[PDB]
Every structure is written in structure tokens, then in C-alpha cells.
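Shown below: query_5.tsv, with TSV, C-alpha atoms and all ligand atoms.
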```tsv
chain	number	residue	atom	x	y	z
A	12	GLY	CA	-21.67	-45.74	25.89
A	13	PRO	CA	-19.78	-42.76	24.33
A	14	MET	CA	-17.24	-44.89	22.44
A	15	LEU	CA	-14.92	-42.02	21.46
A	16	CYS	CA	-12.21	-42.71	18.83
A	17	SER	CA	-9.21	-44.62	20.22
A	18	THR	CA	-6.80	-42.47	18.17
A	19	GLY	CA	-8.11	-39.32	19.95
A	20	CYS	CA	-9.29	-37.51	16.82
A	21	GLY	CA	-12.11	-35.71	18.73
A	22	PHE	CA	-15.00	-37.54	16.99
A	23	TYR	CA	-17.34	-40.38	17.91
A	24	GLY	CA	-16.83	-44.06	17.05
A	25	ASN	CA	-19.32	-46.73	15.98
A	26	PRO	CA	-19.52	-49.56	18.63
A	27	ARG	CA	-20.41	-51.98	15.78
A	28	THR	CA	-17.08	-51.17	14.09
A	29	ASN	CA	-13.69	-51.52	15.87
A	30	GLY	CA	-14.51	-48.62	18.26
A	31	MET	CA	-13.44	-46.07	15.60
A	32	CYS	CA	-15.23	-43.62	13.31
A	33	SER	CA	-15.76	-44.28	9.56
A	34	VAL	CA	-12.65	-42.27	8.61
A	35	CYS	CA	-10.13	-44.06	10.86
A	36	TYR	CA	-11.77	-47.49	10.41
A	37	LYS	CA	-10.72	-47.86	6.75
A	38	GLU	CA	-7.36	-46.12	7.26
A	39	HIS	CA	-6.36	-48.66	9.94
A	40	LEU	CA	-8.06	-51.68	8.32
A	41	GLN	CA	-5.83	-51.24	5.25
A	42	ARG	CA	-2.64	-51.73	7.30
A	43	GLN	CA	-4.15	-54.53	9.39
A	44	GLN	CA	-5.46	-56.36	6.31
A	45	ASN	CA	-2.24	-55.90	4.32
A	46	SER	CA	-0.07	-57.10	7.22
B	1	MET	CA	-34.21	-44.94	9.05
B	2	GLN	CA	-36.02	-41.74	10.02
B	3	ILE	CA	-34.52	-39.04	12.20
B	4	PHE	CA	-35.99	-35.74	13.39
B	5	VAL	CA	-34.52	-32.24	12.94
B	6	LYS	CA	-36.07	-29.75	15.35
B	7	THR	CA	-35.99	-26.09	14.39
B	8	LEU	CA	-36.20	-23.21	16.88
B	9	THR	CA	-39.65	-22.18	15.60
B	10	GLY	CA	-40.77	-25.51	17.13
B	11	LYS	CA	-41.50	-27.36	13.84
B	12	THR	CA	-39.86	-30.77	13.38
B	13	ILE	CA	-38.51	-32.06	10.07
B	14	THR	CA	-38.68	-35.83	9.49
B	15	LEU	CA	-36.01	-37.26	7.20
B	16	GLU	CA	-35.46	-40.70	5.64
B	17	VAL	CA	-31.70	-41.30	5.82
B	18	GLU	CA	-28.94	-43.90	6.07
B	19	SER	CA	-26.11	-43.99	8.67
B	20	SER	CA	-23.70	-43.81	5.69
B	21	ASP	CA	-25.16	-40.42	4.61
B	22	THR	CA	-22.71	-37.53	4.75
B	23	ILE	CA	-23.77	-34.42	6.72
B	24	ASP	CA	-23.63	-32.47	3.43
B	25	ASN	CA	-26.06	-35.05	1.96
B	26	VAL	CA	-28.46	-34.51	4.92
B	27	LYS	CA	-28.35	-30.70	4.49
B	28	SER	CA	-29.21	-31.24	0.80
B	29	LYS	CA	-32.20	-33.37	1.95
B	30	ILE	CA	-33.24	-30.39	4.16
B	31	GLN	CA	-32.99	-28.07	1.12
B	32	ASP	CA	-35.22	-30.61	-0.69
B	33	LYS	CA	-37.97	-30.25	1.96
B	34	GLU	CA	-37.61	-26.68	3.28
B	35	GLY	CA	-35.73	-24.78	0.54
B	36	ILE	CA	-32.97	-23.79	3.03
B	37	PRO	CA	-29.52	-23.36	1.38
B	38	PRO	CA	-27.11	-26.06	2.76
B	39	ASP	CA	-24.31	-23.47	3.18
B	40	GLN	CA	-26.48	-21.63	5.76
B	41	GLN	CA	-27.31	-24.68	7.93
B	42	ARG	CA	-25.51	-25.52	11.18
B	43	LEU	CA	-26.54	-28.96	12.49
B	44	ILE	CA	-26.08	-30.02	16.12
B	45	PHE	CA	-26.17	-33.44	17.75
B	46	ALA	CA	-24.83	-34.42	21.21
B	47	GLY	CA	-23.48	-30.87	21.82
B	48	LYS	CA	-21.36	-30.98	18.62
B	49	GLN	CA	-21.50	-28.97	15.39
B	50	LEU	CA	-21.70	-31.34	12.42
B	51	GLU	CA	-18.92	-31.25	9.83
B	52	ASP	CA	-19.82	-31.36	6.11
B	53	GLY	CA	-17.18	-33.98	5.15
B	54	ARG	CA	-18.23	-36.33	8.00
B	55	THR	CA	-21.11	-38.83	8.09
B	56	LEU	CA	-24.01	-39.74	10.42
B	57	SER	CA	-22.08	-42.81	11.67
B	58	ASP	CA	-19.30	-40.41	12.81
B	59	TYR	CA	-21.66	-39.23	15.59
B	60	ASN	CA	-23.69	-42.44	16.17
B	61	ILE	CA	-26.94	-40.83	14.94
B	62	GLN	CA	-29.33	-43.78	14.98
B	63	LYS	CA	-33.09	-44.23	14.41
B	64	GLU	CA	-35.33	-41.81	16.37
B	65	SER	CA	-32.41	-39.40	17.04
B	66	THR	CA	-33.30	-35.71	17.16
B	67	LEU	CA	-30.93	-32.98	16.00
B	68	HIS	CA	-31.15	-29.20	16.29
B	69	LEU	CA	-30.96	-26.58	13.57
B	70	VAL	CA	-29.43	-23.12	13.97
B	71	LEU	CA	-29.98	-20.62	11.15
A	101	ZN	ZN	-11.01	-41.19	14.66
```

Rewrite the structure of this file - the entire thing - as C-alpha cells.
Ligand SMILES: [Zn+2]
Amino acid sequence: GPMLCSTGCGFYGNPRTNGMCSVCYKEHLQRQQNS
Amino acid sequence: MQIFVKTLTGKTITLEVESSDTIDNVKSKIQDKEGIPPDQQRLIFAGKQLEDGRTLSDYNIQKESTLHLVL
């Protein structure tokens, strides 16, 4: 249900995404995609 | 998708939005219907005050969701 951000930023996270909000999703995807 | 914004008068605002819409963008849409200045709106959803630089997706506001407005 309340899929709160894994990083513990205090905001909600989209269950369709990787369990993270729109802000952390791109920030982490850049390092995961590059690596 | 449409969402509803209940005011404390009892009236309900219906908005046509996207999940990708910023909160600031929503408040501008409110100004477009009501004439209320965006910098005087405090939007609530799920017991949280909405942050201007965040988006609807950042709170999981989906279709048929109802928010509250404090003046
Ligand atoms: Zn986050």
C-alpha cells in the first residue's frame, strides 16, 4: 500500500516505478544505467 | 485524469490533470478556475502539505482522488 521511498526522504513512491518517487527515480536510474 | 479539490465552504473543484503535473502547475490550474493566487494556496492530500517543486506522482494522487484546500 503506502510504498514510501526506500531512501527515507519522507515522500511517497510510485508502485509502478522502482518503489521511489519521481525525484529519486531518475537520480538512481542514472547510476544504474551508466554502470 | 480528473481529481477533486474540496474547499471548506463545501464546494468541490474538478480538475483535468496528469500525474506528471507539478503541484505549482495544479495551483495555477486552480487560479485559472477560481482566481485564487497560487502563493496563497495550501494543498493537502493523505495528511501531507503539498510542496510546490514536487509532482502529483510524488504522493500517488490518482484518478478520483480528493484533496483539501486551506486558505
Ligand atoms: Zn525519495

Expected selection as an mmCIF file with C-alpha atoms, in the frame of the given file for ligand ZN 101 (chain A) within 6 Å, all atoms listed in the file:
```cif
data_model
loop_
_atom_site.group_PDB
_atom_site.id
_atom_site.type_symbol
_atom_site.label_atom_id
_atom_site.label_comp_id
_atom_site.auth_asym_id
_atom_site.auth_seq_id
_atom_site.Cartn_x
_atom_site.Cartn_y
_atom_site.Cartn_z
ATOM 1 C CA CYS A 16 -12.210 -42.710 18.830
ATOM 2 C CA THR A 18 -6.800 -42.470 18.170
ATOM 3 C CA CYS A 20 -9.290 -37.510 16.820
ATOM 4 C CA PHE A 22 -15.000 -37.540 16.990
ATOM 5 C CA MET A 31 -13.440 -46.070 15.600
ATOM 6 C CA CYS A 32 -15.230 -43.620 13.310
ATOM 7 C CA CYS A 35 -10.130 -44.060 10.860
#
```

- Message: Just to confirm, what's the straight-line distance from CA of residue 14 (chain B) to CA of residue 34 (chain A) in Å (one decimal)?
- Response: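 CA of residue 34 (chain A) lies 26.8 Å from CA of residue 14 (chain B).
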
- Task: For CA of residue 66 (chain B) and CA of residue 4 (chain B), determine how far apart the two atoms are, in Å to one decimal place.
- Result: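 These two atoms are separated by 4.6 Å.
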
- Specify as a ChimeraX atom specification all residues of chain B found within 7 Å of chain A, counting only C-alpha atoms. /B:57-60

Using C-alpha atoms, can you export the residues from the last selection as a tab-separated table (two decimals), in the coordinates of the input?
```
chain	number	residue	atom	x	y	z
B	57	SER	CA	-22.08	-42.81	11.67
B	58	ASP	CA	-19.30	-40.41	12.81
B	59	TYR	CA	-21.66	-39.23	15.59
B	60	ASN	CA	-23.69	-42.44	16.17
```

- Note on the structure: What separates CA of residue 49 (chain B) and CA of residue 67 (chain B) is a distance of 10.3 Å

- Item | For residue 61 (chain B): contacts at 10 Å, only C-alpha atoms, fewer than 6 positions along chain excluded, given as a list in words |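 With the cut-off at 10 Å, the set is residues 25 of chain A; 3, 18, 19, 45, 46, 55 and 67 of chain B.
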
With C-alpha atoms kept, could you save the residues just selected as a PDB file, keeping the file's coordinate frame?
```
ATOM      1  CA  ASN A  25     -19.320 -46.730  15.980  1.00  0.00           C
TER       2      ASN A  25
ATOM      3  CA  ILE B   3     -34.520 -39.040  12.200  1.00  0.00           C
ATOM      4  CA  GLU B  18     -28.940 -43.900   6.070  1.00  0.00           C
ATOM      5  CA  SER B  19     -26.110 -43.990   8.670  1.00  0.00           C
ATOM      6  CA  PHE B  45     -26.170 -33.440  17.750  1.00  0.00           C
ATOM      7  CA  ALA B  46     -24.830 -34.420  21.210  1.00  0.00           C
ATOM      8  CA  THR B  55     -21.110 -38.830   8.090  1.00  0.00           C
ATOM      9  CA  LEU B  67     -30.930 -32.980  16.000  1.00  0.00           C
TER      10      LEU B  67
END
```

- Message: With distances taken over all atoms listed in the file, which residue among B:44, B:50, B:1, B:17 lies nearest residue 70 (chain B)?
- Response: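 Of all the options, B:44 lies closest to residue 70 (chain B).
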
- Message: At a cut-off of 12 Å, using all atoms listed in the file, what residues contact residue 13 (chain B)? Leave out same-chain residues fewer than 3 positions from it and give the result as a VMD selection string.
- Response: chain B and resid 2 to 10 16 26 to 27 29 to 34 65 to 69

From the structure block, carefully write chain B out with C-alpha atoms; format it as a PDB file, in the first residue's frame.
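As written to disk, part.pdb reads:
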```
ATOM      1  CA  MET B   1      -7.483  12.231 -15.358  1.00  0.00           C
ATOM      2  CA  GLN B   2      -9.850  14.249 -13.176  1.00  0.00           C
ATOM      3  CA  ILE B   3      -9.330  14.853  -9.476  1.00  0.00           C
ATOM      4  CA  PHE B   4     -11.447  16.785  -6.970  1.00  0.00           C
ATOM      5  CA  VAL B   5     -10.330  19.645  -4.709  1.00  0.00           C
ATOM      6  CA  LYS B   6     -12.752  20.195  -1.843  1.00  0.00           C
ATOM      7  CA  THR B   7     -12.845  23.630  -0.245  1.00  0.00           C
ATOM      8  CA  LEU B   8     -14.056  24.317   3.307  1.00  0.00           C
ATOM      9  CA  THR B   9     -17.120  26.206   2.036  1.00  0.00           C
ATOM     10  CA  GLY B  10     -18.224  22.762   0.757  1.00  0.00           C
ATOM     11  CA  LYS B  11     -17.810  23.452  -2.994  1.00  0.00           C
ATOM     12  CA  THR B  12     -15.714  20.956  -4.988  1.00  0.00           C
ATOM     13  CA  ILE B  13     -13.378  21.925  -7.828  1.00  0.00           C
ATOM     14  CA  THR B  14     -12.945  19.384 -10.638  1.00  0.00           C
ATOM     15  CA  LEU B  15      -9.600  19.488 -12.444  1.00  0.00           C
ATOM     16  CA  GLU B  16      -8.245  17.756 -15.557  1.00  0.00           C
ATOM     17  CA  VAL B  17      -4.637  16.867 -14.741  1.00  0.00           C
ATOM     18  CA  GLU B  18      -1.761  14.457 -15.388  1.00  0.00           C
ATOM     19  CA  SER B  19       0.241  12.526 -12.739  1.00  0.00           C
ATOM     20  CA  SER B  20       3.333  14.326 -14.122  1.00  0.00           C
ATOM     21  CA  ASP B  21       1.840  17.755 -13.214  1.00  0.00           C
ATOM     22  CA  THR B  22       3.807  19.706 -10.620  1.00  0.00           C
ATOM     23  CA  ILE B  23       1.887  20.963  -7.550  1.00  0.00           C
ATOM     24  CA  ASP B  24       2.687  24.519  -8.698  1.00  0.00           C
ATOM     25  CA  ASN B  25       1.071  23.655 -12.067  1.00  0.00           C
ATOM     26  CA  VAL B  26      -2.089  22.414 -10.256  1.00  0.00           C
ATOM     27  CA  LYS B  27      -2.318  25.624  -8.164  1.00  0.00           C
ATOM     28  CA  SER B  28      -2.068  27.597 -11.441  1.00  0.00           C
ATOM     29  CA  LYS B  29      -4.985  25.469 -12.771  1.00  0.00           C
ATOM     30  CA  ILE B  30      -6.934  26.488  -9.602  1.00  0.00           C
ATOM     31  CA  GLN B  31      -6.134  30.165 -10.311  1.00  0.00           C
ATOM     32  CA  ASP B  32      -7.476  29.519 -13.841  1.00  0.00           C
ATOM     33  CA  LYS B  33     -10.867  28.369 -12.468  1.00  0.00           C
ATOM     34  CA  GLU B  34     -11.299  30.271  -9.176  1.00  0.00           C
ATOM     35  CA  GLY B  35      -8.977  33.306  -9.463  1.00  0.00           C
ATOM     36  CA  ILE B  36      -7.139  32.282  -6.245  1.00  0.00           C
ATOM     37  CA  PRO B  37      -3.446  33.358  -6.199  1.00  0.00           C
ATOM     38  CA  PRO B  38      -1.195  30.201  -6.191  1.00  0.00           C
ATOM     39  CA  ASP B  39       1.055  31.709  -3.477  1.00  0.00           C
ATOM     40  CA  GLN B  40      -1.932  31.698  -1.064  1.00  0.00           C
ATOM     41  CA  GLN B  41      -2.953  28.044  -1.618  1.00  0.00           C
ATOM     42  CA  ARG B  42      -2.030  25.201   0.746  1.00  0.00           C
ATOM     43  CA  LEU B  43      -2.960  21.807  -0.731  1.00  0.00           C
ATOM     44  CA  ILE B  44      -3.391  18.670   1.390  1.00  0.00           C
ATOM     45  CA  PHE B  45      -3.514  15.003   0.424  1.00  0.00           C
ATOM     46  CA  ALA B  46      -3.066  11.963   2.718  1.00  0.00           C
ATOM     47  CA  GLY B  47      -2.357  14.217   5.758  1.00  0.00           C
ATOM     48  CA  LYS B  48       0.550  15.958   3.959  1.00  0.00           C
ATOM     49  CA  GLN B  49       1.062  19.554   2.806  1.00  0.00           C
ATOM     50  CA  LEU B  50       1.952  19.599  -0.886  1.00  0.00           C
ATOM     51  CA  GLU B  51       5.309  21.057  -1.937  1.00  0.00           C
ATOM     52  CA  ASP B  52       5.468  23.376  -4.971  1.00  0.00           C
ATOM     53  CA  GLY B  53       8.557  21.734  -6.547  1.00  0.00           C
ATOM     54  CA  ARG B  54       7.056  18.214  -6.226  1.00  0.00           C
ATOM     55  CA  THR B  55       4.572  16.463  -8.536  1.00  0.00           C
ATOM     56  CA  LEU B  56       1.278  14.537  -8.227  1.00  0.00           C
ATOM     57  CA  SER B  57       3.134  11.221  -8.673  1.00  0.00           C
ATOM     58  CA  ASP B  58       5.201  12.128  -5.564  1.00  0.00           C
ATOM     59  CA  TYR B  59       2.056  11.497  -3.470  1.00  0.00           C
ATOM     60  CA  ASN B  60       0.333   8.820  -5.615  1.00  0.00           C
ATOM     61  CA  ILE B  61      -2.628  11.111  -6.443  1.00  0.00           C
ATOM     62  CA  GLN B  62      -4.574   9.002  -8.926  1.00  0.00           C
ATOM     63  CA  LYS B  63      -7.957   9.327 -10.687  1.00  0.00           C
ATOM     64  CA  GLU B  64     -10.909  10.161  -8.383  1.00  0.00           C
ATOM     65  CA  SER B  65      -8.593  11.359  -5.568  1.00  0.00           C
ATOM     66  CA  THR B  66      -9.902  14.214  -3.436  1.00  0.00           C
ATOM     67  CA  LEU B  67      -7.637  16.856  -1.917  1.00  0.00           C
ATOM     68  CA  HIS B  68      -8.372  19.617   0.585  1.00  0.00           C
ATOM     69  CA  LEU B  69      -7.761  23.346   0.280  1.00  0.00           C
ATOM     70  CA  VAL B  70      -6.813  25.637   3.161  1.00  0.00           C
ATOM     71  CA  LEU B  71      -6.857  29.390   2.507  1.00  0.00           C
TER      72      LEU B  71
END
```
